[PDB]
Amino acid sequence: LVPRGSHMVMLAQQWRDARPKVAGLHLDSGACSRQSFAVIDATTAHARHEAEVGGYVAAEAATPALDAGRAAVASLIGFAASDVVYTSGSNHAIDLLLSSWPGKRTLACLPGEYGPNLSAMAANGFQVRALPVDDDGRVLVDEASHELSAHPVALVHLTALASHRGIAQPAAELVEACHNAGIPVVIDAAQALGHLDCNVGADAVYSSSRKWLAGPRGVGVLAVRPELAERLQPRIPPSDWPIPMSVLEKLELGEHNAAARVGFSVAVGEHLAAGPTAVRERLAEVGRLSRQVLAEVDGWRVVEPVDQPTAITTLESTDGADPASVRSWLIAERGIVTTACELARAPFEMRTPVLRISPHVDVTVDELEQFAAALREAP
């Protein structure tokens, strides 16, 4: 570890300038990022259009934008546009899928599985087994391969990037291992979409608008391969359904904020326009710089290996400080936005809570140093 300087990318500056000026310092795009002026305007415009021509007329007329959003998402995950459906977010997504699941309801997932995912799993009558992982919580693909062949399961649920830790999971290799054992794979890409390469052959993928794609809140996407989709049995309407519609049409049924969905379509568009690979390489870099700058802070140790290709960095207190209090202090006294991850976020992995930073492409080394500095003089 001989420190390395930051790459200069105009991407960072373009991205900062495309969105409102931050009041203080925002290191929290893993919780909720920042909508561009274009995304905010497109949302506002739809709401105005609803008033001028009627809400549903407006919605019909927005079909091109909506479909473009499906198509953009589809391209990032290697699906077809018509496999992609809108939701309220990722927890909505997993519930739609698991509540629709036919036959034996068993699955395997990581021990670091997201608390509310486990909640949805249990609530849908699933039996849940842990996959083998190393000390960082990263799946051991070979071991998992053998385990799944001997002791199969109805599906594997992989959270490719966890909310509580910035480890990038070997999604692609695990997918082919599961497919070799004849088991479909669902991916929670709430953190991963717009961040990791999510084109990995999965059978279903879901994600949230408001995180790395910097879309409006209250939107998510769920993508399901046609072979799987047609096997599914939605909860509403009941399977003796007089109205004839496809599974995906049923899963997309319901009042929603249409303006926010067109907002989202603009946001994914901005990601494609910026260059997915370039954005991801930059986020990997942000993580490296973060872990380098924060390597030497009294009372905090960096959890992630330095070279993890993610922008999520988590800090564990070494003298029993409470992340939640530090976050409140950082906001109130320094205007620095972070997230405090409680144990409930990953109850079968986390033994102690952590402070999480999740900066986007626009963060500077100076800003990371300001955070480090503020973290030292915290009471």
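From 1 onward, residues are counted along the sequence shown.
For the pair 130-138 and 213-221, the mean B factor over Cα atoms is greater in 130-138. Of the two stretches examined, 108-116 and 285-293, the record assigns the greater average C-alpha temperature factor to 285-293. The PDB entry assigns its highest CA temperature factor, among 187, 192, 268, 245, to 245. Within the listed group 255, 197, 95, 240, the record reports its top CA B-factor for 240. When the modelled residues of the chain are ordered by C-alpha B-factor, residue 348 sits in the middle third. Ranked by C-alpha B-factor against the other modelled residues of its chain, residue 150 falls in the highest third. For residue 301, the recorded CA B-factor ranks within the highest third of the chain. Only modelled residues enter the ranking.
Compared with the other modelled residues of the chain, the Cα B-factor recorded for residue 49 ranks in the middle third.
Among all modelled residues in its chain, residue 329 ranks in the highest third by Cα B-factor.
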